[PDB]
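Novice: Input: one structure, supplied below.
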There are 2 protein chains.
Amino acid sequence: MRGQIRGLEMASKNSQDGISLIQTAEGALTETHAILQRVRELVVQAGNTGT
Amino acid sequence: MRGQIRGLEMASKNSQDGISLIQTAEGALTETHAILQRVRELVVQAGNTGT
């Protein structure tokens, strides 16, 4: 039982660390995503300005 | 959605630029047109003055 318990507290900490890893990935994908927004604008006025 | 929106603002700016391009063409065709008015006069009195 005790071993299980201490590994469950460690399980909580584990999953929290995993969330944080993901949050790093999501800041990165957030900025990448905003870049793609800017790109999309540049493609649209590339559309008009191609004429 | 957000991408669509920003491309819609860019769509507004696009069409405005297109209008301006046209306005350039329409100043040009305006002056050309006035020339053809003068020409028409010169052809009419070329009509009489041919006699």
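Residue names in the structure tokens use chain letters A, B, ... in the order shown, residue numbers from 1 in each chain, and ligand numbers from 1 in the order shown.
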Show me, as a ChimeraX atom specification, the residues of chain B whose atoms get within 9 Å of chain A, using only C-alpha atoms for the distance check.
Specialist: /B:2-4,6-7,10-11,13-15,17-18
Novice: Output C-alpha atoms for every residue in that selection, as a short mmCIF file (atom, residue, chain, number, x, y, z; two decimals), in the first residue's frame.
Specialist:
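What landed in selection-v9.cif:
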```cif
data_model
loop_
_atom_site.label_atom_id
_atom_site.label_comp_id
_atom_site.auth_asym_id
_atom_site.auth_seq_id
_atom_site.Cartn_x
_atom_site.Cartn_y
_atom_site.Cartn_z
CA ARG B 2 -9.26 34.35 -37.30
CA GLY B 3 -7.37 33.62 -40.50
CA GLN B 4 -10.52 34.25 -42.50
CA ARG B 6 -7.62 38.97 -41.19
CA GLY B 7 -7.86 37.94 -44.82
CA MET B 10 -6.90 42.37 -46.34
CA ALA B 11 -9.72 41.73 -48.81
CA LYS B 13 -7.71 46.77 -48.65
CA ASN B 14 -7.29 44.68 -51.81
CA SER B 15 -10.49 45.91 -53.39
CA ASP B 17 -6.33 49.22 -54.18
CA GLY B 18 -8.17 47.82 -57.19
#
```
Novice: If chain A is fitted onto chain B by least squares over all C-alpha atoms, taken pair by pair in sequence order, what do its new coordinates look like as a PDB file with N, CA and C atoms, in the first residue's frame?
Specialist:
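Listing of out_28.pdb after writing:
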```pdb
ATOM      1  N   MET A   1     -11.277  30.674 -38.259  1.00  0.00           N
ATOM      2  CA  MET A   1     -12.035  31.917 -38.241  1.00  0.00           C
ATOM      3  C   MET A   1     -11.116  33.128 -38.294  1.00  0.00           C
ATOM      4  N   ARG A   2     -10.141  33.188 -37.385  1.00  0.00           N
ATOM      5  CA  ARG A   2      -9.260  34.349 -37.295  1.00  0.00           C
ATOM      6  C   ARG A   2      -8.527  34.582 -38.608  1.00  0.00           C
ATOM      7  N   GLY A   3      -8.001  33.507 -39.194  1.00  0.00           N
ATOM      8  CA  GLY A   3      -7.370  33.620 -40.499  1.00  0.00           C
ATOM      9  C   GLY A   3      -8.304  34.200 -41.533  1.00  0.00           C
ATOM     10  N   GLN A   4      -9.539  33.686 -41.583  1.00  0.00           N
ATOM     11  CA  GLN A   4     -10.521  34.247 -42.503  1.00  0.00           C
ATOM     12  C   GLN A   4     -10.677  35.739 -42.273  1.00  0.00           C
ATOM     13  N   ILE A   5     -10.820  36.147 -41.010  1.00  0.00           N
ATOM     14  CA  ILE A   5     -11.091  37.546 -40.678  1.00  0.00           C
ATOM     15  C   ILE A   5      -9.972  38.440 -41.186  1.00  0.00           C
ATOM     16  N   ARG A   6      -8.741  38.137 -40.782  1.00  0.00           N
ATOM     17  CA  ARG A   6      -7.621  38.974 -41.187  1.00  0.00           C
ATOM     18  C   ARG A   6      -7.503  39.021 -42.703  1.00  0.00           C
ATOM     19  N   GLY A   7      -7.826  37.913 -43.369  1.00  0.00           N
ATOM     20  CA  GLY A   7      -7.857  37.935 -44.819  1.00  0.00           C
ATOM     21  C   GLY A   7      -9.029  38.723 -45.380  1.00  0.00           C
ATOM     22  N   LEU A   8     -10.051  38.980 -44.556  1.00  0.00           N
ATOM     23  CA  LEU A   8     -11.171  39.806 -45.003  1.00  0.00           C
ATOM     24  C   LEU A   8     -10.835  41.280 -44.895  1.00  0.00           C
ATOM     25  N   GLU A   9     -10.151  41.675 -43.823  1.00  0.00           N
ATOM     26  CA  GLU A   9      -9.619  43.031 -43.783  1.00  0.00           C
ATOM     27  C   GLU A   9      -8.672  43.252 -44.951  1.00  0.00           C
ATOM     28  N   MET A  10      -7.784  42.287 -45.184  1.00  0.00           N
ATOM     29  CA  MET A  10      -6.904  42.374 -46.337  1.00  0.00           C
ATOM     30  C   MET A  10      -7.699  42.357 -47.634  1.00  0.00           C
ATOM     31  N   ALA A  11      -8.870  41.722 -47.627  1.00  0.00           N
ATOM     32  CA  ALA A  11      -9.716  41.730 -48.815  1.00  0.00           C
ATOM     33  C   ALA A  11     -10.280  43.123 -49.060  1.00  0.00           C
ATOM     34  N   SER A  12     -10.670  43.818 -47.986  1.00  0.00           N
ATOM     35  CA  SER A  12     -11.119  45.197 -48.119  1.00  0.00           C
ATOM     36  C   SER A  12     -10.020  46.055 -48.718  1.00  0.00           C
ATOM     37  N   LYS A  13      -8.820  45.984 -48.136  1.00  0.00           N
ATOM     38  CA  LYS A  13      -7.706  46.771 -48.652  1.00  0.00           C
ATOM     39  C   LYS A  13      -7.409  46.415 -50.105  1.00  0.00           C
ATOM     40  N   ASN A  14      -7.500  45.124 -50.436  1.00  0.00           N
ATOM     41  CA  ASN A  14      -7.291  44.683 -51.810  1.00  0.00           C
ATOM     42  C   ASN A  14      -8.230  45.390 -52.759  1.00  0.00           C
ATOM     43  N   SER A  15      -9.527  45.309 -52.479  1.00  0.00           N
ATOM     44  CA  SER A  15     -10.494  45.907 -53.385  1.00  0.00           C
ATOM     45  C   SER A  15     -10.322  47.417 -53.458  1.00  0.00           C
ATOM     46  N   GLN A  16      -9.945  48.060 -52.348  1.00  0.00           N
ATOM     47  CA  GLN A  16      -9.685  49.498 -52.402  1.00  0.00           C
ATOM     48  C   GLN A  16      -8.539  49.810 -53.354  1.00  0.00           C
ATOM     49  N   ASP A  17      -7.451  49.044 -53.255  1.00  0.00           N
ATOM     50  CA  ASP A  17      -6.334  49.216 -54.178  1.00  0.00           C
ATOM     51  C   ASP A  17      -6.783  49.018 -55.618  1.00  0.00           C
ATOM     52  N   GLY A  18      -7.644  48.029 -55.849  1.00  0.00           N
ATOM     53  CA  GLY A  18      -8.173  47.823 -57.185  1.00  0.00           C
ATOM     54  C   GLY A  18      -8.948  49.023 -57.688  1.00  0.00           C
ATOM     55  N   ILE A  19      -9.794  49.600 -56.827  1.00  0.00           N
ATOM     56  CA  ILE A  19     -10.530  50.806 -57.197  1.00  0.00           C
ATOM     57  C   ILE A  19      -9.552  51.889 -57.616  1.00  0.00           C
ATOM     58  N   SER A  20      -8.495  52.085 -56.830  1.00  0.00           N
ATOM     59  CA  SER A  20      -7.519  53.123 -57.147  1.00  0.00           C
ATOM     60  C   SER A  20      -6.857  52.904 -58.498  1.00  0.00           C
ATOM     61  N   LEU A  21      -6.395  51.675 -58.758  1.00  0.00           N
ATOM     62  CA  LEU A  21      -5.887  51.313 -60.080  1.00  0.00           C
ATOM     63  C   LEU A  21      -6.860  51.749 -61.163  1.00  0.00           C
ATOM     64  N   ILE A  22      -8.133  51.419 -60.967  1.00  0.00           N
ATOM     65  CA  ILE A  22      -9.137  51.782 -61.955  1.00  0.00           C
ATOM     66  C   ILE A  22      -9.208  53.297 -62.093  1.00  0.00           C
ATOM     67  N   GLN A  23      -9.187  54.022 -60.971  1.00  0.00           N
ATOM     68  CA  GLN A  23      -9.275  55.480 -61.020  1.00  0.00           C
ATOM     69  C   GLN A  23      -8.132  56.070 -61.832  1.00  0.00           C
ATOM     70  N   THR A  24      -6.946  55.465 -61.742  1.00  0.00           N
ATOM     71  CA  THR A  24      -5.850  55.863 -62.619  1.00  0.00           C
ATOM     72  C   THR A  24      -6.250  55.665 -64.073  1.00  0.00           C
ATOM     73  N   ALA A  25      -6.772  54.475 -64.384  1.00  0.00           N
ATOM     74  CA  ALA A  25      -7.205  54.196 -65.749  1.00  0.00           C
ATOM     75  C   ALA A  25      -8.271  55.180 -66.215  1.00  0.00           C
ATOM     76  N   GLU A  26      -9.065  55.707 -65.288  1.00  0.00           N
ATOM     77  CA  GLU A  26     -10.217  56.517 -65.659  1.00  0.00           C
ATOM     78  C   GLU A  26      -9.831  57.978 -65.820  1.00  0.00           C
ATOM     79  N   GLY A  27      -8.813  58.422 -65.088  1.00  0.00           N
ATOM     80  CA  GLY A  27      -8.209  59.700 -65.420  1.00  0.00           C
ATOM     81  C   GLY A  27      -7.587  59.665 -66.800  1.00  0.00           C
ATOM     82  N   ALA A  28      -6.855  58.587 -67.090  1.00  0.00           N
ATOM     83  CA  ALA A  28      -6.231  58.456 -68.403  1.00  0.00           C
ATOM     84  C   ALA A  28      -7.279  58.437 -69.511  1.00  0.00           C
ATOM     85  N   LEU A  29      -8.292  57.582 -69.373  1.00  0.00           N
ATOM     86  CA  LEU A  29      -9.342  57.517 -70.382  1.00  0.00           C
ATOM     87  C   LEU A  29     -10.137  58.808 -70.443  1.00  0.00           C
ATOM     88  N   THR A  30     -10.211  59.540 -69.334  1.00  0.00           N
ATOM     89  CA  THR A  30     -10.881  60.832 -69.354  1.00  0.00           C
ATOM     90  C   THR A  30     -10.148  61.788 -70.281  1.00  0.00           C
ATOM     91  N   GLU A  31      -8.833  61.894 -70.114  1.00  0.00           N
ATOM     92  CA  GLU A  31      -8.084  62.819 -70.954  1.00  0.00           C
ATOM     93  C   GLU A  31      -8.091  62.372 -72.408  1.00  0.00           C
ATOM     94  N   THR A  32      -7.872  61.076 -72.649  1.00  0.00           N
ATOM     95  CA  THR A  32      -7.995  60.523 -73.998  1.00  0.00           C
ATOM     96  C   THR A  32      -9.336  60.886 -74.613  1.00  0.00           C
ATOM     97  N   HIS A  33     -10.386  60.786 -73.813  1.00  0.00           N
ATOM     98  CA  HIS A  33     -11.730  61.038 -74.298  1.00  0.00           C
ATOM     99  C   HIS A  33     -11.894  62.497 -74.698  1.00  0.00           C
ATOM    100  N   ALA A  34     -11.385  63.409 -73.866  1.00  0.00           N
ATOM    101  CA  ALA A  34     -11.427  64.826 -74.210  1.00  0.00           C
ATOM    102  C   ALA A  34     -10.655  65.098 -75.493  1.00  0.00           C
ATOM    103  N   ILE A  35      -9.535  64.396 -75.685  1.00  0.00           N
ATOM    104  CA  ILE A  35      -8.810  64.518 -76.943  1.00  0.00           C
ATOM    105  C   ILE A  35      -9.735  64.157 -78.091  1.00  0.00           C
ATOM    106  N   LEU A  36     -10.439  63.029 -77.975  1.00  0.00           N
ATOM    107  CA  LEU A  36     -11.328  62.620 -79.059  1.00  0.00           C
ATOM    108  C   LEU A  36     -12.447  63.625 -79.291  1.00  0.00           C
ATOM    109  N   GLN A  37     -12.862  64.351 -78.252  1.00  0.00           N
ATOM    110  CA  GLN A  37     -13.800  65.449 -78.470  1.00  0.00           C
ATOM    111  C   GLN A  37     -13.185  66.503 -79.384  1.00  0.00           C
ATOM    112  N   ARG A  38     -11.973  66.959 -79.044  1.00  0.00           N
ATOM    113  CA  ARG A  38     -11.284  67.945 -79.876  1.00  0.00           C
ATOM    114  C   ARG A  38     -11.117  67.439 -81.301  1.00  0.00           C
ATOM    115  N   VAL A  39     -10.728  66.175 -81.441  1.00  0.00           N
ATOM    116  CA  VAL A  39     -10.570  65.570 -82.758  1.00  0.00           C
ATOM    117  C   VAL A  39     -11.876  65.659 -83.523  1.00  0.00           C
ATOM    118  N   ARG A  40     -12.985  65.290 -82.876  1.00  0.00           N
ATOM    119  CA  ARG A  40     -14.282  65.329 -83.545  1.00  0.00           C
ATOM    120  C   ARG A  40     -14.576  66.718 -84.085  1.00  0.00           C
ATOM    121  N   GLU A  41     -14.336  67.754 -83.276  1.00  0.00           N
ATOM    122  CA  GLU A  41     -14.472  69.119 -83.782  1.00  0.00           C
ATOM    123  C   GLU A  41     -13.624  69.328 -85.031  1.00  0.00           C
ATOM    124  N   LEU A  42     -12.359  68.910 -84.965  1.00  0.00           N
ATOM    125  CA  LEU A  42     -11.453  69.118 -86.089  1.00  0.00           C
ATOM    126  C   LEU A  42     -11.910  68.355 -87.326  1.00  0.00           C
ATOM    127  N   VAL A  43     -12.658  67.270 -87.139  1.00  0.00           N
ATOM    128  CA  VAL A  43     -13.158  66.505 -88.276  1.00  0.00           C
ATOM    129  C   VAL A  43     -14.378  67.191 -88.865  1.00  0.00           C
ATOM    130  N   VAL A  44     -15.179  67.835 -88.018  1.00  0.00           N
ATOM    131  CA  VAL A  44     -16.371  68.512 -88.522  1.00  0.00           C
ATOM    132  C   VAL A  44     -15.966  69.729 -89.349  1.00  0.00           C
ATOM    133  N   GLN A  45     -15.123  70.597 -88.783  1.00  0.00           N
ATOM    134  CA  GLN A  45     -14.671  71.722 -89.594  1.00  0.00           C
ATOM    135  C   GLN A  45     -13.674  71.295 -90.659  1.00  0.00           C
ATOM    136  N   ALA A  46     -13.090  70.102 -90.544  1.00  0.00           N
ATOM    137  CA  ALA A  46     -12.466  69.519 -91.723  1.00  0.00           C
ATOM    138  C   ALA A  46     -13.521  69.206 -92.770  1.00  0.00           C
ATOM    139  N   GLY A  47     -14.734  68.893 -92.314  1.00  0.00           N
ATOM    140  CA  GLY A  47     -15.832  68.655 -93.231  1.00  0.00           C
ATOM    141  C   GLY A  47     -16.177  69.879 -94.046  1.00  0.00           C
ATOM    142  N   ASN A  48     -16.502  70.982 -93.372  1.00  0.00           N
ATOM    143  CA  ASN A  48     -16.807  72.202 -94.117  1.00  0.00           C
ATOM    144  C   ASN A  48     -15.589  72.682 -94.888  1.00  0.00           C
ATOM    145  N   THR A  49     -14.463  72.829 -94.194  1.00  0.00           N
ATOM    146  CA  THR A  49     -13.274  73.432 -94.774  1.00  0.00           C
ATOM    147  C   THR A  49     -12.669  72.583 -95.883  1.00  0.00           C
ATOM    148  N   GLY A  50     -13.088  71.322 -96.024  1.00  0.00           N
ATOM    149  CA  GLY A  50     -12.802  70.587 -97.246  1.00  0.00           C
ATOM    150  C   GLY A  50     -13.508  71.153 -98.460  1.00  0.00           C
ATOM    151  N   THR A  51     -14.456  72.070 -98.251  1.00  0.00           N
ATOM    152  CA  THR A  51     -15.152  72.785 -99.310  1.00  0.00           C
ATOM    153  C   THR A  51     -15.039  74.299 -99.132  1.00  0.00           C
TER     154      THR A  51
END
```
